[PDB]
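These notes are about the structure you will find just below.
A quick note on method: Cβ atoms are made from the backbone with ideal geometry, for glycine too, and the neighbour counts reach across all protein chains shown. What follows draws every value from the coordinates through simple rules; no lab data is involved.
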Amino acid sequence: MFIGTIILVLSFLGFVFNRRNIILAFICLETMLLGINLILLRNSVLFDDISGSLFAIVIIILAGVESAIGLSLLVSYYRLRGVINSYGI
Amino acid sequence: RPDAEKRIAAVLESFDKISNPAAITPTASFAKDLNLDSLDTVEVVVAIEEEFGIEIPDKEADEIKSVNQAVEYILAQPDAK
Amino acid sequence: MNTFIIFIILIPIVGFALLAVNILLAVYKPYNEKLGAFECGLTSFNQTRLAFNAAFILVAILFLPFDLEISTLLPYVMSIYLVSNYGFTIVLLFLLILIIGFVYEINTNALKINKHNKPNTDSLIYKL
Amino acid sequence: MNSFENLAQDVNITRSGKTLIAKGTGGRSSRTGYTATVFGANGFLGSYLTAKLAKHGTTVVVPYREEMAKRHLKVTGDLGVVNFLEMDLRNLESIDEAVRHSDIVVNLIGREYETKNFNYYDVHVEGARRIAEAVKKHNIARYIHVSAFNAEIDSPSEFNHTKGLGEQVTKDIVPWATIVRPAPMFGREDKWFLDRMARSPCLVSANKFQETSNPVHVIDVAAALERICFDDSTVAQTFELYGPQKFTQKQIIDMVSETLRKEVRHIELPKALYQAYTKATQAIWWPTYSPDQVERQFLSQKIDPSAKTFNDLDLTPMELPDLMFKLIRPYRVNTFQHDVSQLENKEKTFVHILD
Amino acid sequence: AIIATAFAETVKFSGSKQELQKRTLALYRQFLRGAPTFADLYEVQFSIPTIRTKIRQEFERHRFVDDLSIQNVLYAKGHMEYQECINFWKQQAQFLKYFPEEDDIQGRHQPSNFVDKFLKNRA
Amino acid sequence: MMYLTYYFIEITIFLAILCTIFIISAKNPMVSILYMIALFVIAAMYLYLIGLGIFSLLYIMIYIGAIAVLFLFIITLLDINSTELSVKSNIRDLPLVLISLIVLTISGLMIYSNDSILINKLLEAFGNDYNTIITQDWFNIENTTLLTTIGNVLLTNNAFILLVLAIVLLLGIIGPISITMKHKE
Ligand SMILES: NC(=O)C1=CN([C@@H]2O[C@H](COP(=O)(O)OP(=O)(O)OC[C@H]3O[C@@H](n4cnc5c(N)ncnc54)[C@H](OP(=O)(O)O)[C@@H]3O)[C@@H](O)[C@H]2O)C=CC1
């Protein structure tokens, strides 16, 4: 509950106030999903419930596919431009 | 125009070989002012192109034969107009 | 304090033993060219990256989905008895749907490296 | 053709009566006729000196302790020019063997730290006395002895005390001896100056970074020694080789970090603590910053005006800021290119992923 | 086929001094433009102005030649050297053959009159 | 000896804050990816702590083993320029950063309780004082673990989401080929 909210909020702030990278944006998205999954699994343990763990493993799969697609899109952007700069997405 | 001739006239006297230290003017011939010989007129255009952060082609660098032609070439915004 | 825990902590906080032995025992008096890197070789301030073929990155991008497929098969092999003849059919449908994408991957030839400087195969025809 | 830039003539007579007729134009296969003995040839200044001597065929005798530290000297000359002898200052036959056949003897022996077997006295005074008595017994024509700057008989630092006492016993035993007083020598693979400034994780000074000296390039000191070797004008004289411009350690560190484009770390913690830390680190076997060095951190260079200088040798030194680039550029990182804006639209025209 | 390298120029002997004039001036331009590359590739301990001074010196060496074919040969060898320098084929050792002035002073006694050379047996 | 391992959840929370700060702060993004890996390690630890080591190992083999690998794979192959964390560039964010930190954290801790009065909604979130009793029953006769039950429900009670995740993975194959590859004809 605490670790997850903290990771989520700090990842959201490091996404919003990123004037540096695009890799940091990717990282902050992945860490946000991590934080949600940790809150989810703590509640799964406390309630003794499987729906939380099911949703968590589904999030793992979906986040993997998200990463794959995002890093294909970045590769198209780089096909055309050749350099991924500090700004301009 | 006052963007560029400032730095042109600066680099022309940065070039030591000019007998004069202050004969540089627009309408100054690179050659028959006798400030320069033929190699120096490539040295000076080289100094100018890497002053303005550019590189001039070969048919326009031979054509830059006086301080008129220099400023009017840099006038095309190749970079650092 | 179990032997598992002892081993898995001990390996990291001891692994630098020979590192320190080597740092303290061995000479260190560098040169410029001993800090160098090669027989010949150089590169001006041209770029920071080389152009790469698509397959080089596509193998990595496709490792993710196939790895997730094979890892999603773990619940099945740990549930195989309890899901008797129903989950079997379900995971077979799963595997077939995921084999369709593999078929697509093969038929597109996405991991193939293509060659630019082709060998000329066109006839020599002389206008008379 | 090559030339004998070190000699003014080709027929040279020594002060002991030997006639030396130079053979050749001045290359590797040439010979000056001279024989020399450089006692600290393994080291920093000695390597350059032996290189300059053997470039023209001066037969250098190199007394050595470690067989492996000397090997780079054999490349400096042709076959039969560089000759090796195993030596210890606790063996007089060694020193006599080293100085027997020589016309020039150069003592460059000195440690900046004390060891189990050699204190500052045993290396700077007694070793100098042993070499000087060999030089007197064999009537060697020229003896050229290097004593560090700011040498003074009674001084705060034991290094300078012992160096001055050496500079006295040499002059008292061998009156025709030349004493060369170099200032802090900088260069490539230097001992404690620039390589140390550029590699050290943190510099320390008991004083402020405020000791002042005129630093000099090691190659120019070697050149001055080369000129002193063949100039018989220089007997019974003293030389203060110090260099053109004055600097503080803080100024030199500022220069180093401006060249290096990296922020050199310095601490400036007190004397009673750093001196004890140094005194403790002498217990390990490898060289470290000695307590007498942090004593010398309070002793700026006092140049003797009665002593000769570079200009008596027709030499004009370099000074540190023009050579700092050459010397420190190996440690320059060169992080990235400048202002990759204005690269976008030109980069757009190239192919970055090949289909 | 066997294709040429990066900065190759087909050997073409001008039949005119006025064309070889333009060719030589272009080569001078190229050397001057490439001097920063010569300082970056070869770890040079001196100025880019010094490199350009040396280029100008070597171009002045053959300034008052009038035989056309000799000038053609000199242009061809100059372009060979440009291709050898800009493409990192030379090493620092061969590049610094052009720069003996930048290395430290070679000893004390460098004769310029008769008696010096006589005492050193160079007259 | 008993309570030497008591604060191992708090230590993970602290280390997670640290690793997020290092992610935001690292100069080279490769270092940011490595700190993301360290954060995954910390999360996997915490998951072992609360009794879900299966998820810890799944995380190690999926996130660190594939996703972080692909991140490193792309930054090794692509030019990703970076502006360093600066005071002339980022200090303007401090007022909004602090306001948002306070607001978002407090709302995230308030959202989990059903009490009507707003201040009490945070005070219940910080009410982690009393321990849970773990009694033992004898009704579970089988050796069913968390992975077995995940498989059971995912292949029987929730077969549809598995057979939809199949199409999600098909996208994961078919999209990147459409975007990265160029078909001849
Ligand atoms: N470098 C500087 O900044 C300054 C140096 N000097 C003096 O000038 C000379 C230059 O030496 P440096 O250039 O510093 O490089 P080194 O000081 O490394 O040269 C040291 C030489 O002394 C020899 N040596 C030391 N102790 C003994 C010993 N007990 N018995 C025999 N040989 C010994 C070493 O032999 P091995 O290599 O076998 O140990 C080495 O050849 C020294 O006299 C030094 O004191 C003066 C002022 C500044």
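Across segment A:52-81, what is the total count of residues that are surrounded by 19 or more Cβ atoms within 10 Å (Cβ to Cβ) and more than 26 Å from residue A:39 (Cβ to Cβ)?
Total satisfying the criteria: 5.
Check segment C:108-124 and report whether any residue there is at the interface with chain F (Cβ under 7 Å from one of its Cβ atoms) and either farther than 18 Å from residue F:165 by Cβ or free of Cβ contacts under 8 Å to residues at least 60 places away in the same chain (or both).
Checked segment C:108-124: at least one residue is at the interface with chain F (Cβ under 7 Å from one of its Cβ atoms) and either farther than 18 Å from residue F:165 by Cβ or free of Cβ contacts under 8 Å to residues at least 60 places away in the same chain (or both).
Go through segment D:21-40 and report how many residues are within 12 Å of the ligand (Cβ to nearest atom) and either part of a loop (DSSP other than H, G, I, E, B) or over 12 Å from residue D:108 (Cα atoms) (or both).
2
Mind telling me which of the residues A:43, A:37, A:85 ends up being under 23 Å from residue F:106 (Cβ atoms) and more than 18 Å from the chain's Cα centre (by Cα)?
A:43
Condition (residue is polar (S, T, N, Q) and outside any loop (DSSP other than H, G, I, E, B)) applied to segment C:113-123: is it met by at least one residue?
no
I'd like to check something: does segment B:47-60 contain any residue that is among the aromatic types (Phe, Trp, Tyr), within 12 Å of the chain's Cα centre (by Cα) and away from chain E (no Cβ under 13 Å)?
yes
Determine, yes or no, whether residue E:102 is touching a residue at least 12 places away in the same chain (Cβ under 8 Å) and more than 30 Å from residue E:13 (Cβ to Cβ).
yes
Quick check on segment D:42-59. Is at least one of its residues of a type in the set (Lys, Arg) and under 21 Å from the mean Cα position of the chain (by Cα)?
The answer is yes, given that some residue of segment D:42-59 is of a type in the set (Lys, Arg) and under 21 Å from the mean Cα position of the chain (by Cα).
Go through segment E:51-96 and give me each residue that's touching a residue at least 40 places away in the same chain (Cβ under 8 Å) and among the aliphatic types (A, V, I, L, M).
E:68, E:76, E:86, E:96
Take residues that are within 19 Å of the chain's Cα centre (by Cα) and among the charged types (D, E, K, R) and tell me which of the helices (runs of 4 or more DSSP H) falling wholly in segment F:1-99 contain 1 or more.
The helices (runs of 4 or more DSSP H) meeting that bar are F:8-25.
Touching a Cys at 6+ places or on another chain (Cβ under 9 Å), more than 10 Å from chain D (Cβ to nearest Cβ) and either closer than 30 Å to residue D:11 by Cα or part of a loop (DSSP other than H, G, I, E, B) (or both): is that true of residue E:88 in this structure?
yes
Restricting attention to segment F:89-125, report how many residues are basic (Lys, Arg) and within 11 Å of chain A (Cβ to nearest Cβ).
1
Tally up the residues in segment C:38-94 that are surrounded by fewer than 14 Cβ atoms within 10 Å (Cβ to Cβ), hydroxyl-bearing (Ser, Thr, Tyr) and more than 27 Å from residue F:78 (Cβ to Cβ), please.
4
Just a yes or no: is a residue in segment A:23-45 surrounded by 18 or more Cβ atoms within 10 Å (Cβ to Cβ), part of a loop (DSSP other than H, G, I, E, B), out of contact with any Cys (no Cβ under 9 Å at 6 or more places or on another chain) and facing chain F (nearest Cβ under 7 Å)?
no
Out of segment C:51-87, which residues are farther than 20 Å from residue A:72 by Cβ and more than 7 Å from every other protein chain (Cβ to nearest Cβ)?
C:70, C:73, C:77, C:80, C:81, C:84, C:85
Need pairs with beta-carbon distance below 7 Å; first residue aromatic (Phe, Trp, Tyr) and within segment D:61-86, second within 12 Å of the ligand (Cβ to nearest atom); sequence gap 6+ or separate chains.
If the second residue must be within 12 Å of the ligand (Cβ to nearest atom), the pairs left are D:64/D:42; D:64/D:70; D:64/D:86; D:64/D:87; D:84/D:62; D:84/D:64; D:84/D:70.
Does residue E:117 qualify as being charged (D, E, K, R), within 28 Å of residue D:317 (Cα to Cα) and assigned to a helix (DSSP H, G or I)?
Here the answer is yes, as residue E:117 does meet what is asked.
Kindly evaluate residue D:208 against the criterion of being in contact with a strand residue (DSSP E or B) (Cβ under 9 Å, 6 or more places away or on another chain), within 16 Å of the ligand (Cβ to nearest atom), among the charged types (D, E, K, R) and touching a residue at least 24 places away in the same chain (Cβ under 8 Å).
The answer is no for residue D:208.
Under 9 Å between Cβ atoms, at least 6 apart or on separate chains: pull out the pairs that start in segment D:21-45 with a residue that is within 12 Å of chain E (Cβ to nearest Cβ) and end on any residue that is within 16 Å of the ligand (Cβ to nearest atom).
Final answer for the pair search is D:32/D:53.
Would you tally the residues in segment E:47-74 being surrounded by fewer than 11 Cβ atoms within 10 Å (Cβ to Cβ), away from every other protein chain (no Cβ under 13 Å) and in a helix (DSSP H, G or I)?
Residues in segment E:47-74 being surrounded by fewer than 11 Cβ atoms within 10 Å (Cβ to Cβ), away from every other protein chain (no Cβ under 13 Å) and in a helix (DSSP H, G or I): 1 in total.
Taking segment D:170-204, which residues are more than 14 Å from chain C (Cβ to nearest Cβ), away from the ligand (no atom under 15 Å from the Cβ) and either over 25 Å from residue D:267 (Cβ atoms) or of a type in the set (S, T, N, Q) (or both)?
D:171, D:172, D:173, D:174, D:175, D:176
Taking segment F:114-163 as the search range and keeping residues that are small (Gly, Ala, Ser) and over 18 Å from residue A:53 (Cβ atoms), which one is surrounded by the fewest Cβ atoms within 10 Å (Cβ to Cβ)?
Per the stated criteria, the residue is F:116.
Give the residues of segment B:32-46 that are of a type in the set (D, E, K, R) and within 10 Å of another protein chain (Cβ to nearest Cβ), sorted by residue number.
Scanning segment B:32-46 gives B:37, B:40, B:43.
So residue F:143 passes all but one of these: (1) assigned to a helix (DSSP H, G or I); (2) over 27 Å from the mean Cα position of the chain (by Cα). Which condition number does it fail?
Unmet for residue F:143, out of (1) assigned to a helix (DSSP H, G or I); (2) over 27 Å from the mean Cα position of the chain (by Cα): (1).
State yes or no: is residue A:4 buried (at least 18 other Cβ atoms within 10 Å of the Cβ), more than 7 Å from every other protein chain (Cβ to nearest Cβ), touching a residue at least 12 places away in the same chain (Cβ under 8 Å) and not hydroxyl-bearing (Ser, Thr, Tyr)?
In short, yes.
Can you name the residue in segment E:1-14 that is surrounded by fewer than 17 Cβ atoms within 10 Å (Cβ to Cβ) and in contact (Cβ under 8 Å) with a residue 24 or more places away in the chain and is also farthest from residue C:41 (Cα to Cα) among such residues?
Among them, the one singled out is E:13.
Can you pull out every residue in segment D:218-264 that is farther than 30 Å from residue D:143 by Cβ and of a type in the set (S, T, N, Q)?
Within segment D:218-264, D:245, D:248, D:249, D:251, D:257, D:259 qualify.
Would you point out the residue of segment C:1-51, among those that are of a type in the set (A, V, I, L, M) and under 27 Å from residue F:73 (Cα atoms), that is farthest from the chain's Cα centre (by Cα)?
Top of the filtered list is C:42.
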